[PDB]
file structure-v4.csv (CSV, C-alpha atoms (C1' of nucleotides))
chain,number,residue,atom,x,y,z
A,151,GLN,CA,44.7,-9.5,-28.3
A,152,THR,CA,47.6,-8.3,-26.2
A,153,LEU,CA,51.0,-9.6,-25.1
A,154,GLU,CA,49.9,-10.1,-21.5
A,155,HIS,CA,47.0,-12.3,-22.7
A,156,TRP,CA,49.3,-14.4,-24.9
A,157,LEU,CA,51.8,-14.9,-22.1
A,158,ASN,CA,49.0,-15.9,-19.8
A,159,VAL,CA,47.7,-18.5,-22.3
A,160,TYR,CA,51.3,-19.8,-22.7
A,161,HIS,CA,51.7,-20.1,-19.0
A,162,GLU,CA,48.5,-22.1,-19.0
A,163,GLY,CA,49.6,-24.3,-21.9
A,164,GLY,CA,52.2,-24.8,-24.7
A,165,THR,CA,51.8,-24.4,-28.5
A,166,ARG,CA,48.6,-26.6,-28.6
A,167,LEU,CA,46.6,-24.1,-26.5
A,168,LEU,CA,47.6,-21.2,-28.7
A,169,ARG,CA,46.8,-23.2,-31.9
A,170,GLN,CA,43.3,-23.9,-30.4
A,171,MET,CA,43.0,-20.3,-29.5
A,172,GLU,CA,43.7,-19.4,-33.2
A,173,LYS,CA,40.5,-21.2,-34.1
A,174,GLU,CA,38.6,-19.9,-31.1
A,175,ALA,CA,39.3,-16.2,-31.7
A,176,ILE,CA,38.6,-14.0,-34.8
A,177,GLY,CA,41.1,-11.7,-36.4
A,178,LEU,CA,44.2,-13.7,-35.2
A,179,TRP,CA,46.9,-15.6,-37.0
A,180,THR,CA,49.9,-17.6,-35.9
A,181,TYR,CA,52.8,-19.2,-37.8
A,182,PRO,CA,55.3,-21.6,-36.4
A,183,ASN,CA,58.1,-20.3,-38.7
A,184,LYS,CA,59.0,-16.7,-39.7
A,185,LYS,CA,58.7,-17.0,-43.4
A,186,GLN,CA,55.0,-17.3,-43.5
A,187,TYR,CA,54.5,-14.6,-40.9
A,188,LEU,CA,56.7,-12.2,-43.0
A,189,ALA,CA,54.6,-13.1,-46.1
A,190,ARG,CA,51.5,-12.1,-44.1
A,191,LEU,CA,53.3,-8.9,-43.2
A,192,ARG,CA,54.1,-8.2,-46.8
A,193,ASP,CA,50.6,-8.9,-48.1
A,194,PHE,CA,49.2,-6.7,-45.3
A,195,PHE,CA,51.5,-3.6,-45.8
A,196,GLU,CA,51.6,-4.0,-49.6
A,197,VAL,CA,55.4,-3.8,-50.0
A,198,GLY,CA,58.2,-6.0,-51.4
A,199,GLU,CA,60.2,-8.2,-49.1
A,200,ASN,CA,63.1,-5.7,-49.4
B,1,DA,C1',31.0,-24.5,-58.0
B,2,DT,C1',34.1,-28.9,-59.0
B,3,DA,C1',38.5,-30.8,-61.2
B,4,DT,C1',43.3,-30.8,-60.9
B,5,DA,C1',48.2,-29.2,-59.7
B,6,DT,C1',51.3,-26.9,-56.1
B,7,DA,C1',52.5,-25.7,-51.4
B,8,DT,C1',52.7,-26.2,-46.2
B,9,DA,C1',51.9,-28.5,-41.9
B,10,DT,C1',51.6,-32.5,-39.5
B,11,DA,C1',52.1,-37.3,-38.4
B,12,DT,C1',54.3,-41.7,-39.3
B,13,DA,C1',57.8,-44.7,-40.2
B,14,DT,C1',62.8,-45.7,-40.3
B,15,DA,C1',67.6,-45.4,-39.0
B,16,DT,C1',71.2,-44.7,-35.5
B,17,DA,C1',73.0,-45.0,-31.1
B,18,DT,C1',73.2,-47.0,-26.4
B,19,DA,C1',71.7,-49.9,-22.2
B,20,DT,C1',70.0,-54.0,-20.4
B,21,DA,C1',68.7,-58.8,-20.4
B,22,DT,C1',68.6,-63.5,-22.6
B,23,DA,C1',70.2,-67.4,-25.7
B,24,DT,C1',73.7,-70.1,-27.9
B,25,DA,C1',78.0,-72.2,-28.7
B,26,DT,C1',82.0,-73.9,-26.8
B,27,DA,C1',85.0,-75.6,-23.4
B,28,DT,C1',86.0,-77.6,-19.0
B,29,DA,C1',85.2,-80.0,-14.5
B,30,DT,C1',82.7,-82.8,-11.8
B,31,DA,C1',79.9,-86.6,-10.3
B,32,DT,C1',77.5,-90.7,-11.1
B,33,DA,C1',76.8,-94.9,-12.8
B,34,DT,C1',78.0,-98.8,-15.5
B,35,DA,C1',80.7,-102.2,-16.7
B,36,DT,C1',84.5,-104.7,-16.0
B,37,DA,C1',88.4,-107.0,-13.6
B,38,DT,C1',90.0,-109.1,-9.8
B,39,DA,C1',90.0,-111.9,-5.9
B,40,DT,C1',87.9,-115.2,-2.9
B,41,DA,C1',85.0,-118.8,-1.4
B,42,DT,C1',81.9,-122.5,-2.3
B,43,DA,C1',79.3,-126.0,-5.1
B,44,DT,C1',79.3,-129.6,-8.3
B,45,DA,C1',81.1,-133.3,-10.9
B,46,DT,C1',84.4,-136.8,-11.5
B,47,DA,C1',87.9,-140.0,-9.9
B,48,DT,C1',90.0,-143.1,-6.5
B,49,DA,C1',90.2,-145.5,-2.1
B,50,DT,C1',87.9,-147.6,1.8
B,51,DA,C1',83.9,-149.4,4.2
B,52,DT,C1',79.4,-152.0,4.4
B,53,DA,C1',76.1,-155.5,2.4
B,54,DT,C1',76.0,-159.9,-0.4
B,55,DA,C1',77.6,-163.8,-3.1
B,56,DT,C1',80.8,-166.7,-5.6
B,57,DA,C1',85.4,-168.9,-7.1
B,58,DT,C1',89.8,-171.5,-5.9
B,59,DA,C1',92.7,-175.0,-3.5
B,60,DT,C1',92.9,-179.2,-0.9
call {"tool": "encode", "arguments": {"input": "structure-v4.csv", "output": "structure tokens"}}
result
Amino acid sequence: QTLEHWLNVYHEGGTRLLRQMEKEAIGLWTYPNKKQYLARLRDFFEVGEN
DNA sequence: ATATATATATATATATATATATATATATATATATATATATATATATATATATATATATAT
């Protein structure tokens, strides 16, 4: 997974294509809002939100 | 491994706003038609006078 690939997918289609890709590809996550993504970051790096 | 209670994401349903078309209520104007009024002419009926057809009364 790289930025170029994501941009290509987006140019091919909107949010729906990326949501489908989430299911298609392993080891990937997406979040439509920042709070959940930051929660994932926290639980990955084992730190408090501060 | 399933129930049972939160949390998040998504979709649905509703409310607001505006644009466009249609329906309803009201008023007015118009036209048409109906009905009536008016005027004129003619028809019918009755009345009166004269003419035609027929008979009788009065005066001498």
call {"tool": "interface_residues", "arguments": {"input": "structure-v4.csv", "of": "chain A", "to": "chain B", "cutoff": "12 Å", "atoms": "only C-alpha atoms (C1' of nucleotides)", "output": "PDB file with C-alpha atoms, in the coordinates of the input"}}
result
ATOM      1  CA  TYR A 181      52.800 -19.200 -37.800  1.00  0.00           C
ATOM      2  CA  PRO A 182      55.300 -21.600 -36.400  1.00  0.00           C
ATOM      3  CA  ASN A 183      58.100 -20.300 -38.700  1.00  0.00           C
ATOM      4  CA  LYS A 185      58.700 -17.000 -43.400  1.00  0.00           C
ATOM      5  CA  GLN A 186      55.000 -17.300 -43.500  1.00  0.00           C
TER       6      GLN A 186
END
call {"tool": "atom_distance", "arguments": {"input": "structure-v4.csv", "atom1": "CA of residue 172 in chain A", "atom2": "CA of residue 152 in chain A"}}
result
13.7 Å
call {"tool": "atom_distance", "arguments": {"input": "structure-v4.csv", "atom1": "CA of residue 158 in chain A", "atom2": "CA of residue 174 in chain A"}}
result
15.9 Å
call {"tool": "atom_distance", "arguments": {"input": "structure-v4.csv", "atom1": "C1' of residue 7 in chain B", "atom2": "CA of residue 194 in chain A"}}
result
20.2 Å
call {"tool": "closest_residue", "arguments": {"input": "structure-v4.csv", "among": "A:178, A:161, A:170, A:154", "to": "residue 190 in chain A", "atoms": "all atoms listed in the file"}}
result
A:178
call {"tool": "residues_near_point", "arguments": {"input": "structure-v4.csv", "point": "(39.9, -9.9, -28.3)", "cutoff": "8 Å", "atoms": "only C-alpha atoms (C1' of nucleotides)", "output": "list in words"}}
result
residues 151, 175 and 176 of chain A
